[PDB]
Amino acid sequence: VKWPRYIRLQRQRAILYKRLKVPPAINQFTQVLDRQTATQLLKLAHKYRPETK
Amino acid sequence: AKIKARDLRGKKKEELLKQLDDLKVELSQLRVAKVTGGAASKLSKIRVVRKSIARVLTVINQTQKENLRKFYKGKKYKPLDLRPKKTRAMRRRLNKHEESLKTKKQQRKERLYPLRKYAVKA
Amino acid sequence: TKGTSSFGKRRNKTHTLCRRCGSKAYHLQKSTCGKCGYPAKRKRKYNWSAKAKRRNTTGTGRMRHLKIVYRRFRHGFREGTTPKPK
Amino acid sequence: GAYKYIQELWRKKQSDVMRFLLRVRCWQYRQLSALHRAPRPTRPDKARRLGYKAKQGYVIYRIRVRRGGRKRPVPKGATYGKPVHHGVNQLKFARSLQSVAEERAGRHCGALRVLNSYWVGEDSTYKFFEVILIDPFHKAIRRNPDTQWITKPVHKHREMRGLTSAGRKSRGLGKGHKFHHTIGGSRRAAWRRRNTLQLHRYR
Amino acid sequence: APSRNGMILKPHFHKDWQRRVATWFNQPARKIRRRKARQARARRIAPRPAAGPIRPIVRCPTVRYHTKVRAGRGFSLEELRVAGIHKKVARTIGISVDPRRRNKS
Amino acid sequence: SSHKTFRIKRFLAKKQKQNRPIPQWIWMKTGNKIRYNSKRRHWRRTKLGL
Amino acid sequence: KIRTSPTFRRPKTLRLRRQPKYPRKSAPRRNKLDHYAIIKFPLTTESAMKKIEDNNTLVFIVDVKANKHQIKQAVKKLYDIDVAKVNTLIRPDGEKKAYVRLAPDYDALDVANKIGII
RNA sequence: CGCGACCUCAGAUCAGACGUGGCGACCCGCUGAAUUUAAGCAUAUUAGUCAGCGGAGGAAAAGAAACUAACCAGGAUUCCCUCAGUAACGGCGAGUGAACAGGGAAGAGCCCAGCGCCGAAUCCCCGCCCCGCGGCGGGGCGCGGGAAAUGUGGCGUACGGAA
Ligand SMILES: [Mg+2]
Ligand SMILES: [Mg+2]
Ligand SMILES: [Mg+2]
Ligand SMILES: [Mg+2]
Ligand SMILES: [Mg+2]
Ligand SMILES: [Mg+2]
Ligand SMILES: [Mg+2]
Ligand SMILES: [Mg+2]
Ligand SMILES: [Mg+2]
Ligand SMILES: [Mg+2]
Ligand SMILES: [Mg+2]
Ligand SMILES: [Mg+2]
Ligand SMILES: [Mg+2]
Ligand SMILES: [Mg+2]
Ligand SMILES: [Mg+2]
Ligand SMILES: [Mg+2]
Ligand SMILES: [Mg+2]
Ligand SMILES: [Mg+2]
Ligand SMILES: [Mg+2]
Ligand SMILES: [Mg+2]
Ligand SMILES: [Mg+2]
Ligand SMILES: [Mg+2]
Ligand SMILES: [Mg+2]
Ligand SMILES: [Zn+2]
């Protein structure tokens, strides 16, 4: 498909982060908490939510 | 008879339109007389009938505009002809309310340090 | 040949009446006016012709809104009020 | 505060992190149009320092201009006159590219007012700036007495009359012995007073 | 061409000086306007002095004038602090204040 | 030509109506200076532009 | 869902209709091309009298913005007579002349008598 | 596959607003000559002037020091007198050419970002009730909707400030 410009631009922005040498201070955010610890963290964080309006 | 603007204002719109449509028949009858060639008394009545029609239509339009501005009196959005027509730059100004706000800093500054009235001996 | 004989072939016109300025300067083939420049949004005027500016200025025509503006200015642009009736 | 960290972070433009970010952002803005709306400020601390407040009616536009000097717009060679004014190639525009970017934003968006602008990237042929724009008819600006000065008709097209910071830097105004030629309103105002002959009644 | 004896004069009339000629025929008109504005201000501040706030004792720099004394722009913060007057209240009772001034002496 | 347009024919109509002499009764008026119509036009002499 | 064509087209979104909170003008304008304003006066000329007598027509000077349909339905209301056909021309005066042919059962000169032209 | 966020980007005759163009004497930002003078002429001079372009207001611009000074020191900006046809620039030729100090006209000062502390303590819009209502505002309700933590408001800004 001949995709629109914004779709093509974001898709080959996603490829440039795989091509170019990402410095470690930006690369450290790709290293992420795994699937089971995040649910425990949000389960704990649901008990300390700020009040609504 | 002399059609006056003072006694047309209490009348209803339909009996005003009846007089308007009668005076338009009068103009058509006078303009036939003008092109056939008629009396000067018939020729000079054209200006009389035309201004009477202008009077009746002025009363009708003024009454309709007054009822429209009575209907839209308390509404936030009103038609642009009923909105006030000043100059364009003067319609794009700030309000009394908007020019009369001052900040909490200037409010406490005016409170704490007011302009004193004083005099100096000679 | 170049003069009197050549003047007999003038039978099709270059300019017509412009629909914005009313002058016969609308070039039919360039589709633009040599007096006001009608397809341009701004009217054409220049400071190298002061005489051409004073033929089309705000005092030249009818002033059918500005002369009522000048009269309404003297009363602060009062609106929606009537004089007190008899 | 995080803003002090981001401010000192943007001062290390030769570092690996900033040379990565500036290059990928310059590539991204090179693929867009010459003028388009940014959804949010790219550099928030500097927009904040220049006067952007994150509320309704504050608009950010990102814009690119072409780099280099000003070639004289004259046919082939042929700038007719004395040898002083045969210069065409190495001439320079008297206003900065940031000042050009501000008026190119403000002319396309004539209903808004230019507040300031900042640099976000460049390459060999483009410089990228982001312009802060204020709607003067939104109520969040109209009813805020801190920022209701911009709503006044005096401040129409500040970026065209040279009243923003970027167009202000090119007028040569300031206090000191280095700016004697703009004493008064401006450079032309100094010239008018210095070349106006005062002929008194009693001489 | 020069005459027998005289000065070498350089008149600065080589530009279009006749366009920028400032005549002073409205000088007696602006004097009356300034006087009427002055009296209107003096009636607006009715018991307050017509000149305005009090100006401080100030020496002149730049050795041609260092013996004379002058009216300055405002009293300094050190002077107001020694006199016991708050800097945001001094301007309300007709004391001229500027914070740029220093006190070397 | 006989292949006129509406705006040209209307312009010719107005310039036809302005080409009449002055009425006889206007120079019996008090504040009158007009002797005749000086803005008159003949089809052979003045060619109306266009 | 598969992409059958290699062309991306803009998908058709919902378009709402105008529901303004106030009319832009307060009242509709009055129809200034009224049935009295559209017919000004007839001609009493000798070229129009033969046109009335022979061809059973009437000759009017009408407004220049008038259609043949409007002239027809204007004669049918002012003079209570139906129309066979309307033929219009624009004079070098600038006025629009209308030849209005009546029905075969109505007589144009007996209509002209009651309106005044004779 | 589907569903739900957020980001980025579209389309609306969507609801409510704004800009366009004119005049242009005075003002602001660019662009910008050649006649002329140098008894020629090319640097200069004409002149940052005419022409060209954009943008305003009843004035505009400037404006509260990254200042002047070298003193026993002054103290925002604008304008007048003087400095001064001076310092200085210049085929050092023709010509060009300020500023400080001083005397007056006027005189008015201020606010943010940051850094911090406060439960976003802040702002906009729609529906209803009453009032004002011809420069669309005020309080009261709405388990009404959004903006905003990628930072609104209060204190607070170089004269120090906060607890
Ligand atoms: Mg504050
Ligand atoms: Mg041709
Ligand atoms: Mg123009
Ligand atoms: Mg030269
Ligand atoms: Mg001699
Ligand atoms: Mg001929
Ligand atoms: Mg809409
Ligand atoms: Mg230049
Ligand atoms: Mg010479
Ligand atoms: Mg000579
Ligand atoms: Mg020569
Ligand atoms: Mg000019
Ligand atoms: Mg304009
Ligand atoms: Mg104006
Ligand atoms: Mg100003
Ligand atoms: Mg000074
Ligand atoms: Mg001297
Ligand atoms: Mg020499
Ligand atoms: Mg010079
Ligand atoms: Mg001085
Ligand atoms: Mg004084
Ligand atoms: Mg804060
Ligand atoms: Mg300061
Ligand atoms: Zn034209």
Side-chain angles (χ1 to χ4, degrees), chain A residues 4 6 10 50-51, chain B residues 73-74 76-77 84 86 90-97 104-105, chain C residues 41-43 46-48 57-58 78-81, chain D residues 1 3-4 7 39-41 44-45 48-51 53-56 80-85 93-95 103 107 109-112 135-140 143-144 146 153-154 156-157 160-163 167 170-171 173 175-177 180-181 183-189 191 194 198, chain E residues 10 12 14-16 34 52 58-66 72-74 77 87 91 98-101 104-105, chain G residues 10 12-21:
Chain A
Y6 82 101
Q10 64 186 0
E51 293 179 353
Chain B
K73 183 175 174 66
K76 182 175 174 66
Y77 303 105
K86 312 170 303 283
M90 184 177 177
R91 295 191 318 253
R92 272 143 185 79
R93 274 187 319 194
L94 282 86
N95 319 320
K96 279 74 176 175
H97 161 252
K104 300 294 187 291
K105 197 155 185 169
Chain C
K41 322 215 191 73
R42 312 159 170 259
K43 60 173 283 184
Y46 294 104
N47 298 308
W48 47 255
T57 318
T58 52
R78 52 171 175 200
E79 184 178 1
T81 61
Chain D
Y3 290 135
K4 189 66 177 174
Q7 170 180 219
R40 69 195 53 247
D45 57 352
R48 181 170 306 279
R49 283 189 297 264
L50 293 184
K53 303 309 279 276
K55 64 213 302 174
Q56 278 158 322
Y80 298 91
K82 305 183 186 210
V84 185
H85 312 118
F93 192 34
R95 287 214 330 266
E103 74 168 4
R107 186 175 306 279
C109 294
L112 320 170
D135 191 353
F137 278 86
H138 204 267
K139 299 298 202 194
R143 287 202 282 263
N144 177 27
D146 291 331
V154 176
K156 296 180 180 157
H157 299 267
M160 296 195 186
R161 306 205 315 275
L163 311 188
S170 85
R171 309 162 62 185
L173 55 86
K175 313 196 187 88
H177 73 276
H180 280 166
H181 62 87
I183 283 174
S186 44
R187 207 185 272 121
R188 179 209 299 121
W191 189 92
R194 291 160 181 179
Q198 302 285 315
Chain E
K10 305 263 180 81
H12 285 62
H14 292 201
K15 307 184 189 184
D16 197 351
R34 286 172 161 170
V58 174
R59 270 268 193 270
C60 300
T62 312
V63 307
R64 172 185 209 151
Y65 301 108
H66 66 279
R73 170 176 188 90
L77 308 183
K87 65 176 179 181
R91 280 197 190 85
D98 74 314
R100 265 176 306 271
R101 266 194 60 221
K104 293 179 72 69
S105 296
Chain G
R10 171 185 69 89
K12 293 182 183 293
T13 59
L14 188 153
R15 296 177 168 188
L16 272 180
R17 294 179 66 188
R18 284 263 186 88
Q19 293 179 356
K21 275 151 182 261

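Proteins come first, then strands; the chains are lettered A, B, ... in the order of their sequence lines, and each starts at number 1. No hydrogens, no waters, no symmetry mates; every other heavy atom, side chains included, goes into these values.
Between D/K55 and D/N144, the shortest heavy-atom contact is NZ-ND2, 4.3 Å. Looking at every heavy atom in both residues, E/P99 comes nearest to E/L77 through CB-CD1, 4.1 Å. Here the shortest heavy-atom pairing between B/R91 and B/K86 reads NH1-O, 3.0 Å. When all heavy atoms of D/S186 and D/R171 are compared, the closest pair comes out as CB-NH2, 4.2 Å.
OP1 and OP2 of H/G135 both lie 4.0 Å or more from every side-chain N or O belonging to B/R93. Phosphate contact (OP1/OP2 of H/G19, side-chain N/O of C/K41, threshold under 4.0 Å): absent. Between D/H177 and the phosphate of H/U68, there is a side-chain N or O to OP1/OP2 separation shorter than 4.0 Å. Regarding contacts with the backbone of H/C28, a side-chain N or O of D/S186 is found under 4.0 angstrom from either OP1 or OP2. OP1 or OP2 of H/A73 has at least one side-chain nitrogen or oxygen of E/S105 nearer than 4.0 Å. Between D/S170 and H/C30 there is a side-chain N or O to OP1 or OP2 distance below 4.0 Å. Distances shown here put every side-chain N or O of G/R15 at or beyond 4.0 Å from the OP1 or OP2 atom of H/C14. At H/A62, none of the side-chain N or O atoms of D/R187 fall inside 4.0 Å of OP1 or OP2 (strictly under the cut-off). At the phosphate of H/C133, neither OP1 nor OP2 sits under 4.0 Å from any side-chain N or O atom of B/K76. Remark: D/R171 is in phosphate contact with H/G29, judged by side-chain N or O atoms under 4.0 Å from OP1 or OP2.
In this entry the distance linking CZ of D/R95 with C1' of H/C28 reads 12 Å, nearest Å. At whole-Å resolution of the value, NE2 in E/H66 and P in H/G102 are 13 Å apart. The distance between atom CG of D/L112 and atom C1' of H/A17, rounded to the nearest whole Å, is 12 Å. Between the P atom of H/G63 and the CG atom of D/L163 lies a distance of 10 Å, rounded to the nearest Å.
D/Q56 comes within 4.0 angstrom of a base, heavy atoms only. Looking at heavy-atom distances under 4.0 Å, E/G52 makes no contact with the nucleic acid at all. Contact annotation for E/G72: backbone-only contact, meaning every heavy-atom pair under 4.0 Å involves sugar-phosphate atoms and none involves a base. E/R101 comes within contact range of at least one nucleobase, with a heavy-atom separation under 4.0 Å. Note on A/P50: nothing from the nucleic acid sits closer than 4.0 angstrom, heavy atoms only. B/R92 comes within 4.0 angstrom of sugar-phosphate atoms only, judged by non-hydrogen atoms across all strands, and of no base. At a threshold of 4.0 angstrom between heavy atoms, the contacts of D/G167 with the nucleic acid are absent.
H/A25 and H/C53: their P atoms are spaced 14 Å apart (whole Å). The same atom, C1', is picked in H/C28 and in H/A59; the two are 12 Å apart, to the nearest Å. Comparing H/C136 with H/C125, their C1' atoms are spaced 15 Å from each other, to the whole Å. Using atom P as the reference point in both H/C27 and H/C79, the two lie 12 Å apart (nearest Å). The separation of H/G103 from H/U82, taken at their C1' atoms, amounts to 8 Å, rounded to a whole angstrom. For the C1' atoms, the distance from H/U36 to H/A60 is 35 Å, rounded to whole Å. Nucleotides H/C126 and H/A15 have their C1' atoms positioned 10 Å apart, rounded to a whole Å. Between H/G63 and H/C67, the distance separating the two P atoms is 14 Å to the nearest Å.
Here H/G19 has a north sugar; its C1'-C2'-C3'-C4' angle has a plus sign. South is the pucker assigned to the sugar of H/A42, its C1'-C2'-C3'-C4' torsion being negative. On the basis of its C1'-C2'-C3'-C4' angle being negative, H/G85 carries a south sugar. Judged by the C1'-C2'-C3'-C4' torsion, the sugar of H/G93 sits on the north side, since the angle is positive. Sugar pucker of H/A158: south, since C1'-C2'-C3'-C4' comes out negative.
Residue-to-nucleotide proximity on RNA chain H shows that, of A/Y6 and D/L173, the 5′-proximal contact is made by A/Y6. Two residues, D/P136 and D/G81, neighbour RNA chain H, and the one matched to the more 5' nucleotide by heavy-atom proximity is D/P136.
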**Request:** Report, as a single string ordered 5' to 3', how protein heavy atoms within less than 4.0 Å touch nucleotides 151-159 of chain H: B base, S sugar-phosphate only, - not at all.
**Result:** BSSSSBS-B
**Fill in**
Expected string for nucleotides 77-90 of chain H under the B/S/- scheme (protein heavy atoms, under 4.0 Å, primed atoms plus P, OP1, OP2 as sugar-phosphate) is -SSSS---B-----
**Heavy-atom protein contacts under 4.0 Å, nucleotides 46-55 of chain H, coded B base, S sugar-phosphate only, - none** = SSSSSSSSBB
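Between the side chain of D/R143 and the main chain of B/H97, no donor-acceptor pair closer than 3.5 Å is present. D/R95 places no side-chain N or O within donor-acceptor distance of the main-chain N or O of D/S170, the cut-off being under 3.5 Å.
In textbook terms, a nucleotide whose glycosidic angle is within 90° of 0 is syn, and H/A39 is one such case. Syn is the classification of H/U13, since its glycosidic angle stays within 90° of 0. In this entry the base of H/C123 is anti relative to its sugar, with a glycosidic angle more than 90° from 0.
Contact annotation: side chain of B/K96 to base of H/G135, donor-acceptor pair present below 3.5 Å.
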